[PDB]
Amino acid sequence: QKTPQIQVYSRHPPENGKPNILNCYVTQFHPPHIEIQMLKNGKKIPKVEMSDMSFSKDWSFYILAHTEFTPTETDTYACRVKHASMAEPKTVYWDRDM
Amino acid sequence: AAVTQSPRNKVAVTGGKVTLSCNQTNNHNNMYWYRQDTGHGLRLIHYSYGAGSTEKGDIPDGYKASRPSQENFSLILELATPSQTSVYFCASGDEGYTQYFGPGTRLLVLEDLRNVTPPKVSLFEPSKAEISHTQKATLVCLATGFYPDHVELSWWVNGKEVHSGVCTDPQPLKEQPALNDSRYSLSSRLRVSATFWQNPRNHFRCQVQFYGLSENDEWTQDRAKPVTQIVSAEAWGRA
Amino acid sequence: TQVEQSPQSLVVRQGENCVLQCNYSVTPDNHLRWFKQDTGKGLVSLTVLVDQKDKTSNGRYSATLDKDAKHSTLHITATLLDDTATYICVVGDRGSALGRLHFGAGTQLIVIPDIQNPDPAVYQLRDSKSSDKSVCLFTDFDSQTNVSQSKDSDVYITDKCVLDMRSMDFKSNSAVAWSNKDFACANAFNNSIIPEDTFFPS
Amino acid sequence: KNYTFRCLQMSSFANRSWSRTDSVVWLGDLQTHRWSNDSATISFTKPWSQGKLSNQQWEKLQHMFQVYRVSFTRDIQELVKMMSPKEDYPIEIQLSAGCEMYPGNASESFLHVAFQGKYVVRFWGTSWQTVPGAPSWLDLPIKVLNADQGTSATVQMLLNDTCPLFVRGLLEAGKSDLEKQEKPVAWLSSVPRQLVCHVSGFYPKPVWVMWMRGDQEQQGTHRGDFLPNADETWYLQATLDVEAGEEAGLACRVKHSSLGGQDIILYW
Ligand SMILES: CCCCCCCCCCCCCCCCCCCCCCCCCC(=O)N[C@@H](CO[C@H]1O[C@H](C(=O)NCc2ccccc2)[C@H](O)[C@H](O)[C@H]1O)[C@H](O)[C@H](O)CCCCCCCCCCCCCC
Ligand SMILES: *[C@@H]1O[C@H](CO[C@@H]2O[C@@H](C)[C@@H](O)[C@@H](O)[C@@H]2O)[C@@H](O[C@@H]2O[C@H](CO)[C@@H](O)[C@H](O)[C@H]2NC(C)=O)[C@H](O)[C@H]1NC(C)=O
Ligand SMILES: *[C@@H]1O[C@H](CO)[C@@H](O)[C@H](O)[C@H]1NC(C)=O
Ligand SMILES: *[C@H]1O[C@H](CO)[C@@H](O)[C@H](O)[C@H]1NC(C)=O
């Protein structure tokens, strides 16, 4: 059982008030059953696109979630992951500086 | 690569336990049980990939399977029903696609055993007219008064079974067609050359193996318990 | 029912060829096997076809398989009496023990034997142990003779049977009648249409 | 130059009755096909995903895979019955199959199988075999798979012939997408100090990102992993762990094939 790496990043340079795409890249997990949510202020973003699940040379699975977002000074974005390898859902917050 | 089945024929009562056994000495991991009914192809009941493993096939209901060893695969009917009247075939195989079939087991499940009755067997000797007309000699065997119709009629000359020159009616006939549990008759012919029949050292026997009750079966009637048994009739050749 | 055979049944005369057909929807179709099953007996494998377009032969049997059409035929050349049997088409859906077999319900073949020297007679045979009892044996008639059941319910007449004295290359039809009733061989087969030349001895 | 074509099958068997198989197909790092369990047919994810195959050859090839997917599924289920109680559900099976294309008419094909996330079995030459470190119980499934001559001949054909043929045509049809150049865009940021140079939107994957004070490359630069964007471009960041106050004079330089020697140079 392998415990998912979650990486959150924007497609274009983040600028407040400008529409962008937020990516959540989840990797290194198995078995392939997984739940991925992208959150705005802790609320589920409704239009979230998933790439098809795939796997690497090492046989671990990965998948890319993405959604349209407009970054502001106040709003928080996050990617939440439930997987059997983890007792609790893991939440990774978007941090633009990171 | 051979496969055997026992018994080859069984008459049972509704609600009784029946076990159909299949043996195979080929060291095949895989065994299969099927039943064959008129109007249908063989249908898979249960199978087994090895000892202590059994798998449901397409029509498992009313059957349990048992694989106690590599050699043996049993089909167990815990509560037999008339709907299980059928011919059962066991097969075995290795990793390849070929299934090697056993010879089949005929099961009849009756509602009640009260009418089961072994045959009388009579042997009728060649006509002198036939002999002088054709230089052949036809013996006729007659099994009568039996129920149900599960009999195997065979001919033996000097302790060895003969098939050449034999015909047996394909199905027994009803002695009282108007009646519910009519008893049956069956005839057979064995035709030989006159000189074979004329040879006083030739000993001819018509044998009827009857399938009826087992020793275990309860019997509350006055007449002899109509057990599975052989009945035969016999005559020697003569000038 | 993914395996269909045609005809359901057919009657042929000895020496004639016949063709039996098997059509299937089984997927995948690794191989197709033809079995012969004599009445009351087990399954005898005649041939197995494995290729996309395949032909096999085994003495008087030959078979074709066309996997594109999902169609096989079994041909029997110069039928003999012993070809009387059910012929069963089976398609295996794998090339290993992981496969399931899909059985057709069979085609019944009856082959009518050639009786070249008919000598139709009705003989009386007596019981080995009880001289009192007898049977009547109608024998050596050709295959255009039908044996009718009796009109009397206390009289028993069997259907005709053909026996084969193999070493003499000789076949003969017969039927048997008996009755506990008043009853004699002369009248035993009166309900049947029998040859005019029939021998009734003594 | 060299392109690897991978058909990635992922099959889950939760118990005796429930299962699903999903596949994706890649040529290099571009997805060419998707085959969802919910779908009777393989879907093209590129206009050119049929390669140079005629409709007739494509249909015939898809039909073989349609039968395969159903067959594989029952086969696993029966292999579990055969091995039980040694192996139980849940079971994950993955296949990675395809070919790597080299210059001239050279190629190499592969078909690798993982059971519970471990590579255990491959097709090699004319038969299935277990690889080193694989558990012994698999010798029975191998024996049973290797009894199937028809499957062995077909896989030999798929690997030796069909794959390199298909891929050559895919490379010709997909040429403009495969050789696409998309420019990176870079931006800078910092956390507790630690500087980040973000590079995003570049294709193809090879890229050079270095922190610089003038012309001196900063040895502490740490390139992160390549991260995909949803538009089939790439994202990469490079961090530099620095003392606070020493940011001025630092630049992030990016070299990429799409820029034609006009490197991105972003000053803090
Ligand atoms: C393979 C790389 C080249 C691809 C180039 C073309 C690319 C096109 C792009 C689209 C691809 C999208 C598909 C993604 C998934 C691909 C992954 C690779 C699969 C390769 C294996 C193909 C096997 C083909 C033959 C076949 O279907 N055989 C089955 C069907 O077989 C039947 O059909 C076979 C056949 O060849 N059929 C073709 C057919 C037949 C009738 C009609 C139409 C077609 C033969 O006739 C056989 O004799 C017969 O048995 C048979 O049931 C097999 O046993 C199925 C499983 C094979 C894989 C086993 C993996 C090992 C697992 C170990 C398990 C561990 C134990 C757990 C407990
Ligand atoms: C297909 O090619 C193989 C050899 O190729 C290797 O295995 C393939 C499945 C694929 O993964 C390739 O890229 C590999 O390089 C042939 O296998 C040989 O067969 C001969 C005779 O049949 C035998 O003597 C050799 O030992 C085999 N080689 C190996 C490594 O086992 C196979 O015959 C080819 N089949 C067809 C139909 O072309
Ligand atoms: C996957 O596809 C098969 C074949 O159509 C189907 O029977 C099965 O239910 C599907 N699995 C799931 C989980 O939907
Ligand atoms: C497995 O099948 C069971 C019923 O047998 C079903 O409830 C279940 O959803 C399936 N398992 C999983 C993990 O989805």
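Sequence lines set the chain letters: A, B, ... in the order given, protein chains first and strands last, and positions in each chain run from 1. Indexing begins at 1, ligand by ligand and atom by atom, following the structure's order.
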Close N or O approach ([X], ligand 1; < 3.5 Å):
{"X": "D:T162", "answer": "no"}
{"X": "D:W128", "answer": "no"}
{"X": "D:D148", "answer": "yes"}

Just the distances, no angles: every ligand 3 N or O to protein N or O pair closer than 3.5 Å, one line each.
from: ligand 3; atom 1: 2 (O); to: D:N37; atom 2: OD1; distance (Å): 3.2
from: ligand 3; atom 1: 2 (O); to: D:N37; atom 2: ND2; distance (Å): 2.4
from: ligand 3; atom 1: 11 (N); to: D:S19; atom 2: O; distance (Å): 3.0
from: ligand 3; atom 1: 11 (N); to: D:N37; atom 2: ND2; distance (Å): 3.0

Verdict with reasoning, B:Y47 to D:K81, per side chain to side chain donor-acceptor pair (under 3.5 Å): CA-CA 11 Å; B:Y47 61 100; D:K81 297 178 198 175; 3.0 Å; yes

D:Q149 atom CD, neighbour heavy-atom count above 12 within 6.0 Å: no

Other residues, nucleotides, ligands: >12 heavy atoms within 6.0 Å of D:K143 NZ: no

Residue part near ligand 1, for D:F166, under 4.0 Å between non-hydrogen atoms: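 Side chain only; the backbone of D:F166 stays clear of ligand 1.
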
Side chain, backbone, both or neither: D:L8 near ligand 1, heavy atoms under 4.0 Å: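 For D:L8, there is no contact with ligand 1 at all, from either part.
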
Distance flag, aromatic centroids of A:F61 and A:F55, threshold under 6.0 Å: yes

Centroid-centroid under 6.0 Å between D:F44 and D:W58 rings: yes

Contacts of type side chain to side chain donor-acceptor pair (under 3.5 Å), residue C:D68, not counting sequence neighbours: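 Here the qualifying residues are C:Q52, C:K53.
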
Non-neighbouring partners of B:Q70 that pass side-chain contact (heavy atoms from CB on, under 4.5 Å), sequence neighbours left out: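 side-chain contact (heavy atoms from CB on, under 4.5 Å) check on B:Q70 returns B:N27, B:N29, B:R67.
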
D:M83 heavy atom under 4.0 Å from ligand 1: no

Close N or O approach (D:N15, ligand 4; < 3.5 Å):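 Looking only at distances, the answer is yes, because the N/O contact criterion of under 3.5 Å is met.
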
Quiz: residues 126-138 of chain D side-chain donor-acceptor pairs under 3.5 angstrom, not counting sequence neighbours:
from: D:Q129; atom 1: OE1; to: D:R122; atom 2: NE; distance (Å): 2.7
from: D:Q129; atom 1: OE1; to: D:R122; atom 2: NH2; distance (Å): 3.0
from: D:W137; atom 1: NE1; to: D:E87; atom 2: OE2; distance (Å): 3.3

